[PDB]
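Asker: Below you will find the structure I want to go over with you.
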(Lines of atoms letter the chains of each structure in order from A and count residues from 1; the text may use other names and numbers.)
(Lines give C-alpha, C1' and ligand atoms only; values in the text may rest on other atoms or scores of the structure.)
Protein backbone atom coordinates (compact mmCIF):
# COMPACT_ATOMS: atom_id res chain seq x y z
CA UNK A 1 0.00 0.00 0.00
CA UNK A 2 2.88 2.40 0.73
CA UNK A 3 4.40 2.01 -2.74
CA UNK A 4 2.46 3.46 -5.67
CA UNK A 5 1.82 1.10 -8.58
CA UNK A 6 0.35 2.43 -11.83
CA UNK A 7 0.45 0.96 -15.31
CA UNK A 8 1.61 -2.40 -13.94
CA UNK A 9 0.56 -6.02 -14.43
CA UNK A 10 -1.14 -7.97 -11.63
CA UNK A 11 -0.94 -11.75 -11.98
CA UNK A 12 -3.41 -13.51 -9.69
CA UNK A 13 -2.52 -17.19 -9.24
CA UNK A 14 -4.59 -19.99 -7.71
CA UNK A 15 -1.57 -22.09 -6.80
CA UNK A 16 -0.73 -24.58 -4.07
CA UNK A 17 2.25 -26.23 -2.41
CA UNK A 18 1.38 -29.47 -4.25
CA UNK A 19 0.17 -28.49 -7.71
CA UNK A 20 1.56 -28.60 -11.22
CA UNK A 21 3.94 -25.80 -12.14
CA UNK A 22 2.66 -23.62 -14.98
CA UNK A 23 5.97 -22.05 -16.05
CA UNK A 24 5.56 -18.37 -15.19
CA UNK A 25 8.82 -17.54 -16.98
CA UNK A 26 6.91 -17.89 -20.26
CA UNK A 27 4.82 -14.94 -19.06
CA UNK A 28 7.76 -12.81 -17.90
CA UNK A 29 10.29 -13.25 -20.74
CA UNK A 30 8.08 -11.62 -23.44
CA UNK A 31 7.54 -8.69 -21.05
CA UNK A 32 11.33 -8.24 -20.60
CA UNK A 33 12.15 -8.59 -24.28
CA UNK A 34 14.73 -5.73 -24.60
CA UNK A 35 12.69 -4.16 -27.40
CA UNK A 36 11.50 -1.94 -24.56
CA UNK A 37 13.57 0.59 -22.69
CA UNK A 38 13.98 0.17 -18.94
CA UNK A 39 11.47 2.94 -18.22
CA UNK A 40 8.92 1.27 -20.51
CA UNK A 41 8.99 -2.04 -18.62
CA UNK A 42 5.81 -2.84 -16.71
CA UNK A 43 6.04 -3.86 -13.06
CA UNK A 44 4.76 -7.39 -12.41
CA UNK A 45 3.13 -8.23 -9.08
CA UNK A 46 2.26 -11.86 -8.34
CA UNK A 47 -0.68 -12.31 -5.96
CA UNK A 48 -0.97 -15.82 -4.60
CA UNK A 49 0.40 -18.45 -2.27
CA UNK A 50 4.08 -18.13 -1.38
CA UNK A 51 4.46 -21.92 -1.16
CA UNK A 52 3.80 -22.14 -4.90
CA UNK A 53 5.69 -18.97 -5.79
CA UNK A 54 8.85 -20.07 -3.98
CA UNK A 55 8.79 -23.18 -6.16
CA UNK A 56 8.41 -20.97 -9.25
CA UNK A 57 11.00 -18.39 -8.15
CA UNK A 58 14.15 -20.22 -9.26
CA UNK A 59 13.38 -19.34 -12.91
CA UNK A 60 12.18 -15.76 -12.28
CA UNK A 61 14.89 -14.22 -10.09
CA UNK A 62 16.92 -12.74 -12.97
CA UNK A 63 14.25 -10.24 -14.09
CA UNK A 64 14.36 -6.63 -12.83
CA UNK A 65 10.94 -5.44 -11.59
CA UNK A 66 9.00 -8.35 -10.08
CA UNK A 67 7.30 -8.39 -6.68
CA UNK A 68 5.21 -10.82 -4.62
CA UNK A 69 2.16 -10.20 -2.45
CA UNK A 70 1.67 -13.47 -0.53
CA UNK A 71 -2.11 -13.49 -0.28
CA UNK A 72 -5.22 -14.59 -2.16
CA UNK A 73 -6.69 -13.40 -5.47
CA UNK A 74 -10.16 -13.69 -3.90
CA UNK A 75 -9.48 -11.16 -1.10
CA UNK A 76 -10.39 -7.55 -1.84
CA UNK A 77 -7.85 -6.16 0.64
CA UNK A 78 -4.95 -7.67 -1.32
CA UNK A 79 -6.36 -6.28 -4.57
CA UNK A 80 -6.68 -2.80 -3.07
CA UNK A 81 -3.11 -3.08 -1.76
CA UNK A 82 -1.70 -3.49 -5.29
CA UNK A 83 -3.92 -0.74 -6.78
CA UNK A 84 -5.80 -3.02 -9.16
CA UNK A 85 -7.86 -0.05 -10.37
CA UNK A 86 -4.66 1.47 -11.81
CA UNK A 87 -3.05 -1.58 -13.44
CA UNK A 88 -2.68 -2.02 -17.19
CA UNK A 89 -3.77 -5.66 -16.96
CA UNK A 90 -4.94 -8.26 -14.44
CA UNK A 91 -4.19 -11.85 -15.47
CA UNK A 92 -6.11 -14.56 -13.62
CA UNK A 93 -4.57 -18.05 -13.76
CA UNK A 94 -5.30 -21.36 -12.04
CA UNK A 95 -2.93 -24.25 -11.35
CA UNK A 96 -5.21 -26.86 -9.73
CA UNK A 97 -6.70 -28.18 -12.98
CA UNK A 98 -5.77 -31.83 -12.38
CA UNK A 99 -7.41 -32.03 -8.94
CA UNK A 100 -10.96 -31.20 -10.05
CA UNK A 101 -12.67 -34.17 -11.70
CA UNK A 102 -15.67 -32.49 -13.33
CA UNK A 103 -14.55 -30.53 -16.39
CA UNK A 104 -17.05 -27.66 -16.19
CA UNK A 105 -16.27 -26.98 -12.51
CA UNK A 106 -12.55 -26.45 -13.19
CA UNK A 107 -13.16 -22.73 -13.81
CA UNK A 108 -15.08 -21.88 -10.63
CA UNK A 109 -12.24 -20.01 -8.92
CA UNK A 110 -11.14 -17.85 -11.87
CA UNK A 111 -14.71 -16.94 -12.82
CA UNK A 112 -15.49 -15.98 -9.23
CA UNK A 113 -12.29 -13.94 -9.07
CA UNK A 114 -13.34 -12.04 -12.18
CA UNK A 115 -16.80 -11.36 -10.79
CA UNK A 116 -15.19 -10.12 -7.59
CA UNK A 117 -12.94 -7.59 -9.32
CA UNK A 118 -15.76 -6.22 -11.48
CA UNK A 119 -17.90 -5.54 -8.39
CA UNK B 1 -46.49 -1.82 7.33
CA UNK B 2 -45.95 -5.57 7.19
CA UNK B 3 -46.36 -7.48 10.44
CA UNK B 4 -45.31 -10.96 11.53
CA UNK B 5 -47.80 -13.14 13.39
CA UNK B 6 -47.88 -16.54 15.07
CA UNK B 7 -51.20 -18.30 14.56
CA UNK B 8 -52.73 -21.73 14.05
CA UNK B 9 -54.43 -20.94 10.73
CA UNK B 10 -54.04 -18.29 8.04
CA UNK B 11 -57.75 -17.42 8.05
CA UNK B 12 -57.53 -15.57 11.37
CA UNK B 13 -54.53 -13.56 10.16
CA UNK B 14 -56.66 -11.60 7.67
CA UNK B 15 -58.52 -10.01 10.60
CA UNK B 16 -55.40 -7.92 11.22
CA UNK B 17 -55.93 -6.43 7.76
CA UNK B 18 -59.75 -6.20 7.87
CA UNK B 19 -59.93 -4.70 11.36
CA UNK B 20 -61.69 -1.38 11.94
CA UNK B 21 -62.62 0.26 15.23
CA UNK B 22 -66.02 1.46 13.97
CA UNK B 23 -67.87 -1.86 13.70
CA UNK B 24 -65.55 -4.30 15.49
CA UNK B 25 -64.87 -2.72 18.91
CA UNK B 26 -68.14 -4.06 20.34
CA UNK B 27 -67.57 -7.51 18.81
CA UNK B 28 -66.16 -9.99 21.34
CA UNK B 29 -65.92 -13.19 19.27
CA UNK B 30 -62.84 -13.00 17.00
CA UNK B 31 -64.51 -15.30 14.46
CA UNK B 32 -67.26 -12.69 13.91
CA UNK B 33 -64.83 -10.09 12.51
CA UNK B 34 -65.75 -9.30 8.90
CA UNK B 35 -64.74 -6.98 6.04
CA UNK B 36 -67.38 -4.30 6.70
CA UNK B 37 -66.29 -0.94 5.30
CA UNK B 38 -67.10 1.20 8.33
CA UNK B 39 -10.98 7.09 23.68
CA UNK B 40 -11.03 3.28 23.86
CA UNK B 41 -12.83 0.90 21.50
CA UNK B 42 -15.46 -1.28 23.17
CA UNK B 43 -17.76 -2.08 20.22
CA UNK B 44 -17.29 -2.76 16.52
CA UNK B 45 -17.55 -0.13 13.78
CA UNK B 46 -21.33 -0.43 13.43
CA UNK B 47 -21.69 -0.56 17.22
CA UNK B 48 -23.78 -3.74 17.36
CA UNK B 49 -21.28 -6.20 18.86
CA UNK B 50 -18.88 -6.22 21.79
CA UNK B 51 -15.30 -5.76 20.58
CA UNK B 52 -11.84 -6.06 22.09
CA UNK B 53 -8.30 -5.56 20.83
CA UNK B 54 -6.85 -8.65 19.09
CA UNK B 55 -4.98 -11.06 21.34
CA UNK B 56 -2.67 -13.97 20.65
CA UNK B 57 -3.92 -17.49 21.26
CA UNK B 58 -1.21 -18.04 23.89
CA UNK B 59 -2.97 -15.60 26.24
CA UNK B 60 -6.28 -17.51 26.23
CA UNK B 61 -4.97 -21.08 26.50
CA UNK B 62 -5.48 -22.54 29.98
CA UNK B 63 -3.87 -25.59 31.50
CA UNK B 64 -5.96 -28.01 33.53
CA UNK B 65 -4.52 -26.63 36.77
CA UNK B 66 -5.00 -23.05 35.55
CA UNK B 67 -8.61 -23.80 34.60
CA UNK B 68 -9.17 -25.39 38.01
CA UNK B 69 -7.75 -22.34 39.82
CA UNK B 70 -10.16 -19.92 38.16
CA UNK B 71 -13.83 -20.18 39.12
CA UNK B 72 -16.31 -20.48 36.25
CA UNK B 73 -20.04 -20.25 36.92
CA UNK B 74 -22.88 -19.42 34.55
CA UNK B 75 -20.61 -19.92 31.54
CA UNK B 76 -20.86 -21.81 28.25
CA UNK B 77 -18.71 -24.89 27.59
CA UNK B 78 -18.30 -25.77 23.91
CA UNK B 79 -16.96 -29.30 23.45
CA UNK B 80 -15.55 -29.81 19.94
CA UNK B 81 -14.55 -33.05 18.21
CA UNK B 82 -12.15 -31.35 15.83
CA UNK B 83 -8.94 -32.32 14.08
CA UNK B 84 -5.95 -30.76 12.34
CA UNK B 85 -7.39 -31.93 8.98
CA UNK B 86 -11.15 -31.50 9.19
CA UNK B 87 -13.72 -29.10 7.81
CA UNK B 88 -14.04 -25.81 9.66
CA UNK B 89 -17.48 -25.27 11.19
CA UNK B 90 -17.36 -21.49 11.62
CA UNK B 91 -17.38 -20.99 15.38
CA UNK B 92 -17.81 -17.22 14.94
CA UNK B 93 -21.47 -17.89 14.13
CA UNK B 94 -21.74 -19.23 17.68
CA UNK B 95 -19.87 -16.36 19.34
CA UNK B 96 -21.30 -13.28 17.57
CA UNK B 97 -24.90 -13.79 18.83
CA UNK B 98 -23.48 -14.18 22.36
CA UNK B 99 -21.61 -10.84 22.07
CA UNK B 100 -24.51 -8.96 20.53
CA UNK B 101 -24.23 -5.67 22.54
CA UNK B 102 -27.84 -6.02 23.68
CA UNK B 103 -26.16 -7.36 26.81
CA UNK B 104 -24.06 -5.38 29.24
CA UNK B 105 -20.47 -6.43 29.80
CA UNK B 106 -21.31 -8.04 33.15
CA UNK B 107 -24.13 -10.03 31.51
CA UNK B 108 -21.84 -11.65 28.93
CA UNK B 109 -21.29 -15.38 29.42
CA UNK B 110 -17.75 -16.75 29.43
CA UNK B 111 -17.09 -19.21 26.60
CA UNK B 112 -14.63 -22.07 27.10
CA UNK B 113 -13.71 -24.23 24.11
CA UNK B 114 -12.70 -27.79 25.02
CA UNK B 115 -11.00 -29.60 22.17
CA UNK B 116 -7.88 -29.99 20.07
CA UNK B 117 -5.68 -26.91 19.81
CA UNK B 118 -4.57 -27.95 16.31
CA UNK B 119 -8.17 -27.48 15.18
CA UNK B 120 -8.81 -24.37 17.28
CA UNK B 121 -5.75 -22.47 16.04
CA UNK B 122 -7.31 -22.66 12.57
CA UNK B 123 -10.50 -21.04 13.94
CA UNK B 124 -8.86 -18.46 16.21
CA UNK B 125 -8.23 -15.87 13.48
CA UNK B 126 -11.99 -15.12 13.40
CA UNK B 127 -12.53 -15.30 17.18
CA UNK B 128 -9.72 -13.18 18.62
CA UNK B 129 -11.72 -9.92 18.75
CA UNK B 130 -14.24 -11.12 21.37
CA UNK B 131 -13.68 -10.33 25.06
CA UNK B 132 -14.17 -13.41 27.28
CA UNK B 133 -13.11 -16.56 25.41
CA UNK B 134 -10.74 -19.25 26.69
CA UNK B 135 -9.34 -22.57 25.45
CA UNK B 136 -8.75 -25.83 27.32
CA UNK B 137 -6.67 -27.94 24.91
CA UNK B 138 -7.99 -31.38 25.81
CA UNK B 139 -10.76 -33.82 24.93
CA UNK B 140 -14.53 -33.61 25.46
CA UNK B 141 -14.49 -37.32 26.40
CA UNK B 142 -12.14 -36.89 29.39
CA UNK B 143 -13.78 -36.31 32.76
CA UNK B 144 -10.75 -34.48 34.18
CA UNK B 145 -11.04 -31.72 31.57
CA UNK B 146 -14.78 -31.43 32.25
CA UNK B 147 -14.16 -31.12 35.99
CA UNK B 148 -11.48 -28.49 35.34
CA UNK B 149 -14.02 -26.17 33.67
CA UNK B 150 -16.74 -26.76 36.31
CA UNK B 151 -19.24 -28.32 33.93
CA UNK B 152 -21.68 -28.79 36.82
CA UNK B 153 -21.90 -24.99 37.14
CA UNK B 154 -22.21 -23.95 33.48
CA UNK B 155 -25.33 -22.47 31.93
CA UNK B 156 -24.95 -24.66 28.84
CA UNK B 157 -22.73 -27.37 27.37
CA UNK B 158 -22.73 -27.48 23.57
CA UNK B 159 -21.40 -30.66 21.97
CA UNK B 160 -20.30 -30.34 18.33
CA UNK B 161 -18.50 -32.61 15.88
CA UNK B 162 -16.42 -31.66 12.85
CA UNK B 163 -15.46 -35.05 11.36
CA UNK B 164 -18.75 -35.65 9.55
CA UNK B 165 -17.22 -36.18 6.10
CA UNK B 166 -14.76 -38.87 7.24
CA UNK B 167 -17.35 -41.38 8.48
CA UNK B 168 -19.02 -43.25 5.62
CA UNK B 169 -22.00 -44.82 7.41
CA UNK B 170 -24.62 -42.17 8.14
CA UNK B 171 -25.94 -43.55 11.44
CA UNK B 172 -22.44 -43.92 12.92
CA UNK B 173 -21.62 -40.23 12.41
CA UNK B 174 -23.07 -39.39 15.85
CA UNK B 175 -21.15 -41.92 17.95
CA UNK B 176 -18.77 -39.41 19.55
CA UNK B 177 -21.33 -36.74 20.50
CA UNK B 178 -23.80 -39.29 21.88
CA UNK B 179 -21.06 -40.92 23.94
CA UNK B 180 -19.96 -37.50 25.18
CA UNK B 181 -23.50 -36.77 26.33
CA UNK B 182 -23.78 -40.10 28.12
CA UNK B 183 -20.46 -39.38 29.81
CA UNK B 184 -21.53 -36.01 31.20
CA UNK B 185 -24.85 -37.33 32.50
CA UNK B 186 -23.07 -40.07 34.47
CA UNK C 1 -18.13 -66.66 12.33
CA UNK C 2 -16.18 -69.86 11.63
CA UNK C 3 -14.48 -69.85 15.04
CA UNK C 4 -17.68 -68.94 16.90
CA UNK C 5 -19.69 -71.65 15.12
CA UNK C 6 -16.92 -74.20 15.62
CA UNK C 7 -17.10 -73.75 19.38
CA UNK C 8 -20.85 -73.05 19.68
CA UNK C 9 -22.08 -75.90 17.45
CA UNK C 10 -19.62 -78.49 18.70
CA UNK C 11 -20.47 -82.15 18.17
CA UNK C 12 -19.64 -83.01 21.79
CA UNK C 13 -21.85 -80.18 23.08
CA UNK C 14 -24.92 -81.36 24.98
CA UNK C 15 -28.22 -81.02 23.14
CA UNK C 16 -29.17 -77.33 23.23
CA UNK C 17 -32.14 -76.09 21.20
CA UNK C 18 -30.71 -72.67 20.35
CA UNK C 19 -30.76 -71.20 16.85
CA UNK C 20 -28.39 -68.50 15.62
CA UNK C 21 -29.57 -65.43 13.69
CA UNK C 22 -26.88 -63.27 12.10
CA UNK C 23 -27.74 -59.65 11.33
CA UNK C 24 -25.43 -57.76 8.99
CA UNK C 25 -25.83 -55.10 6.32
CA UNK C 26 -22.97 -56.43 4.17
CA UNK C 27 -24.11 -59.37 2.05
CA UNK C 28 -22.08 -62.56 2.54
CA UNK C 29 -19.61 -63.79 -0.06
CA UNK C 30 -19.29 -67.31 -1.48
CA UNK C 31 -17.36 -68.71 1.50
CA UNK C 32 -19.81 -67.33 4.06
CA UNK C 33 -22.69 -68.59 1.91
CA UNK C 34 -21.17 -72.08 1.90
CA UNK C 35 -20.57 -71.95 5.66
CA UNK C 36 -24.17 -70.87 6.30
CA UNK C 37 -25.39 -73.63 3.97
CA UNK C 38 -23.40 -76.22 5.94
CA UNK C 39 -25.37 -75.17 9.05
CA UNK C 40 -28.65 -74.42 7.29
CA UNK C 41 -30.62 -76.23 10.01
CA UNK C 42 -29.19 -74.08 12.84
CA UNK C 43 -27.98 -70.78 11.30
CA UNK C 44 -29.92 -68.05 9.50
CA UNK C 45 -28.67 -64.76 8.05
CA UNK C 46 -30.48 -61.47 7.52
CA UNK C 47 -29.38 -58.28 5.80
CA UNK C 48 -29.95 -55.26 8.01
CA UNK C 49 -28.47 -52.87 10.53
CA UNK C 50 -28.53 -53.03 14.32
CA UNK C 51 -29.01 -49.26 14.47
CA UNK C 52 -32.32 -49.58 12.57
CA UNK C 53 -35.20 -50.57 14.90
CA UNK C 54 -37.12 -52.13 11.99
CA UNK C 55 -34.29 -54.63 11.50
CA UNK C 56 -34.25 -55.28 15.25
CA UNK C 57 -37.96 -56.08 15.03
CA UNK C 58 -37.22 -58.36 12.06
CA UNK C 59 -34.85 -60.66 13.98
CA UNK C 60 -37.16 -60.65 17.03
CA UNK C 61 -34.61 -59.09 19.38
CA UNK C 62 -37.40 -58.68 21.96
CA UNK C 63 -37.60 -62.47 22.41
CA UNK C 64 -33.95 -63.39 21.79
CA UNK C 65 -32.02 -65.01 24.62
CA UNK C 66 -28.92 -62.88 24.00
CA UNK C 67 -27.15 -60.56 21.59
CA UNK C 68 -23.47 -61.17 20.80
CA UNK C 69 -21.44 -58.36 19.23
CA UNK C 70 -18.19 -59.22 17.44
CA UNK C 71 -15.45 -56.67 16.83
CA UNK C 72 -13.14 -55.95 13.90
CA UNK C 73 -9.76 -56.95 15.32
CA UNK C 74 -7.96 -55.63 12.21
CA UNK C 75 -8.92 -51.97 11.88
CA UNK C 76 -6.99 -48.74 11.48
CA UNK C 77 -8.60 -47.02 14.49
CA UNK C 78 -9.54 -49.32 17.40
CA UNK C 79 -11.25 -46.44 19.23
CA UNK C 80 -13.66 -45.87 16.33
CA UNK C 81 -14.50 -49.58 16.26
CA UNK C 82 -15.09 -49.59 20.02
CA UNK C 83 -17.31 -46.50 19.80
CA UNK C 84 -19.34 -48.10 17.00
CA UNK C 85 -19.86 -51.24 19.07
CA UNK C 86 -20.85 -49.18 22.12
CA UNK C 87 -23.39 -47.37 19.96
CA UNK C 88 -24.75 -50.74 18.81
CA UNK C 89 -25.15 -51.69 22.48
CA UNK C 90 -26.95 -48.39 23.10
CA UNK C 91 -29.32 -49.05 20.19
CA UNK C 92 -30.13 -52.60 21.32
CA UNK C 93 -30.70 -51.55 24.93
CA UNK C 94 -32.89 -48.65 23.78
CA UNK C 95 -35.06 -51.10 21.84
CA UNK C 96 -35.15 -53.74 24.62
CA UNK C 97 -33.48 -52.89 27.95
CA UNK C 98 -33.68 -56.39 29.46
CA UNK C 99 -31.83 -58.38 26.79
CA UNK C 100 -28.47 -59.88 27.74
CA UNK C 101 -25.54 -58.49 25.73
CA UNK C 102 -22.08 -59.99 25.33
CA UNK C 103 -19.82 -57.65 23.39
CA UNK C 104 -16.20 -57.61 22.25
CA UNK C 105 -14.06 -54.59 23.17
CA UNK C 106 -10.72 -53.87 21.54
CA UNK C 107 -9.17 -51.39 23.97
CA UNK C 108 -9.43 -51.49 27.75
CA UNK C 109 -10.10 -47.79 28.36
CA UNK C 110 -13.25 -47.88 26.19
CA UNK C 111 -15.31 -50.35 28.23
CA UNK C 112 -15.84 -47.67 30.89
CA UNK C 113 -18.27 -46.15 28.38
CA UNK C 114 -20.47 -49.19 28.97
CA UNK C 115 -20.96 -47.99 32.55
CA UNK C 116 -22.60 -44.82 31.19
CA UNK C 117 -25.58 -46.89 29.95
CA UNK C 118 -28.14 -47.30 32.78
CA UNK C 119 -29.62 -50.40 31.12
CA UNK D 1 -23.95 -2.87 5.94
CA UNK D 2 -22.10 -5.03 8.48
CA UNK D 3 -22.27 -7.87 5.95
CA UNK D 4 -20.57 -5.66 3.36
CA UNK D 5 -17.91 -4.51 5.84
CA UNK D 6 -17.11 -8.10 6.83
CA UNK D 7 -17.02 -9.11 3.16
CA UNK D 8 -14.58 -6.29 2.39
CA UNK D 9 -12.22 -6.75 5.34
CA UNK D 10 -12.76 -10.47 6.18
CA UNK D 11 -12.78 -9.41 9.85
CA UNK D 12 -14.60 -7.33 12.47
CA UNK D 13 -13.31 -3.77 12.86
CA UNK D 14 -13.47 -1.83 16.10
CA UNK D 15 -14.64 1.74 16.42
CA UNK D 16 -15.19 4.61 18.81
CA UNK D 17 -18.52 5.08 20.55
CA UNK D 18 -20.81 7.71 19.01
CA UNK D 19 -24.43 8.55 19.86
CA UNK D 20 -25.61 6.82 16.66
CA UNK D 21 -23.88 3.54 17.56
CA UNK D 22 -25.09 3.74 21.16
CA UNK D 23 -28.62 4.27 19.85
CA UNK D 24 -28.08 1.26 17.57
CA UNK D 25 -27.26 -0.70 20.74
CA UNK D 26 -30.92 -0.56 21.86
CA UNK D 27 -32.76 -3.72 20.74
CA UNK D 28 -34.70 -6.64 22.23
CA UNK D 29 -33.15 -9.87 23.46
CA UNK D 30 -34.43 -13.40 24.02
CA UNK D 31 -34.81 -14.36 27.68
CA UNK D 32 -36.49 -16.79 30.06
CA UNK D 33 -38.08 -15.46 33.24
CA UNK D 34 -39.19 -17.36 36.33
CA UNK D 35 -42.42 -16.82 38.28
CA UNK D 36 -41.05 -17.89 41.67
CA UNK D 37 -39.98 -14.50 43.02
CA UNK D 38 -40.51 -11.97 40.22
CA UNK D 39 -43.06 -9.17 39.97
CA UNK D 40 -45.45 -11.76 38.47
CA UNK D 41 -45.02 -14.19 41.39
CA UNK D 42 -48.59 -13.72 42.64
CA UNK D 43 -50.01 -14.08 39.13
CA UNK D 44 -48.10 -17.30 38.46
CA UNK D 45 -49.90 -19.23 41.22
CA UNK D 46 -52.91 -20.45 39.27
CA UNK D 47 -53.40 -17.33 37.14
CA UNK D 48 -54.07 -17.18 33.42
CA UNK D 49 -51.43 -16.72 30.74
CA UNK D 50 -53.26 -13.82 29.09
CA UNK D 51 -53.12 -11.67 32.22
CA UNK D 52 -49.36 -12.27 32.42
CA UNK D 53 -48.98 -11.35 28.74
CA UNK D 54 -50.99 -8.15 29.09
CA UNK D 55 -49.28 -7.04 32.31
CA UNK D 56 -45.77 -7.69 30.97
CA UNK D 57 -46.48 -5.93 27.66
CA UNK D 58 -48.15 -2.93 29.31
CA UNK D 59 -45.59 -2.41 32.08
CA UNK D 60 -42.18 -3.48 30.76
CA UNK D 61 -42.86 -3.67 26.99
CA UNK D 62 -42.11 -7.38 27.32
CA UNK D 63 -43.41 -9.85 24.72
CA UNK D 64 -44.11 -13.29 26.17
CA UNK D 65 -44.45 -15.97 23.50
CA UNK D 66 -44.16 -19.35 25.23
CA UNK D 67 -43.92 -21.51 28.35
CA UNK D 68 -41.02 -23.77 29.31
CA UNK D 69 -42.96 -26.12 31.57
CA UNK D 70 -41.62 -28.80 33.90
CA UNK D 71 -42.45 -32.21 32.45
CA UNK D 72 -43.80 -33.78 35.66
CA UNK D 73 -45.99 -30.82 36.64
CA UNK D 74 -49.40 -32.32 35.82
CA UNK D 75 -48.73 -35.44 37.92
CA UNK D 76 -50.16 -35.58 41.43
CA UNK D 77 -47.19 -37.52 42.79
CA UNK D 78 -43.95 -35.56 43.36
CA UNK D 79 -41.05 -36.09 40.98
CA UNK D 80 -37.34 -35.27 40.87
CA UNK D 81 -37.17 -34.67 37.10
CA UNK D 82 -35.97 -31.20 36.07
CA UNK D 83 -36.71 -31.63 32.36
CA UNK D 84 -38.96 -29.03 30.73
CA UNK D 85 -40.82 -28.98 27.42
CA UNK D 86 -41.92 -26.14 25.15
CA UNK D 87 -45.48 -24.82 24.82
CA UNK D 88 -45.64 -22.26 22.01
CA UNK D 89 -48.20 -19.42 22.22
CA UNK D 90 -50.70 -20.73 24.81
CA UNK D 91 -54.25 -19.31 24.75
CA UNK D 92 -55.59 -16.56 27.01
CA UNK D 93 -57.24 -19.01 29.43
CA UNK D 94 -54.15 -21.23 29.82
CA UNK D 95 -53.43 -21.92 33.49
CA UNK D 96 -50.03 -21.13 34.99
CA UNK D 97 -48.12 -23.00 37.69
CA UNK D 98 -45.39 -21.45 39.89
CA UNK D 99 -42.74 -23.80 38.44
CA UNK D 100 -42.89 -22.33 34.94
CA UNK D 101 -40.48 -20.38 32.77
CA UNK D 102 -41.63 -17.72 30.31
CA UNK D 103 -40.03 -17.09 26.94
CA UNK D 104 -39.88 -13.34 26.42
CA UNK D 105 -38.35 -10.56 24.34
CA UNK D 106 -36.92 -7.95 26.72
CA UNK D 107 -35.99 -4.37 25.90
CA UNK D 108 -32.56 -2.85 26.48
CA UNK D 109 -32.13 -0.59 29.51
CA UNK D 110 -29.04 1.48 30.31
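Residue 1 is the first one shown; counting continues down the chain.
Yeah, the Cβs are placed from backbone N, Cα and C, and that goes for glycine too.
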Asker: Where Swiss-Prot shows C:42, C:44 binding Mg(2+), which of C:19, C:81 is named for the same site?
Answerer: C:19
Asker: Neighbour count, 10 Å Cβ-Cβ cut-off, for residue C:44 (Mg(2+) binding site): what number do you get?
Answerer: 14
Asker: With H, G and I counted as helix, E and B as strand and the rest as coil, say where DSSP puts residue C:19 (Mg(2+) binding site).
Answerer: coil
Asker: Can you see whether DSSP assigns residue C:44 (Mg(2+) binding site) to helix, strand or coil?
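Answerer: Reduced to three states, the DSSP call for residue C:44 (Mg(2+) binding site) is strand.
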Asker: Which chain neighbours of the Mg(2+) site, leaving out C:19, C:42, C:44, have a Cβ atom within 8 Å of the mean position of the site's Cβ atoms?
Answerer: C:20, C:21, C:39, C:41, C:43
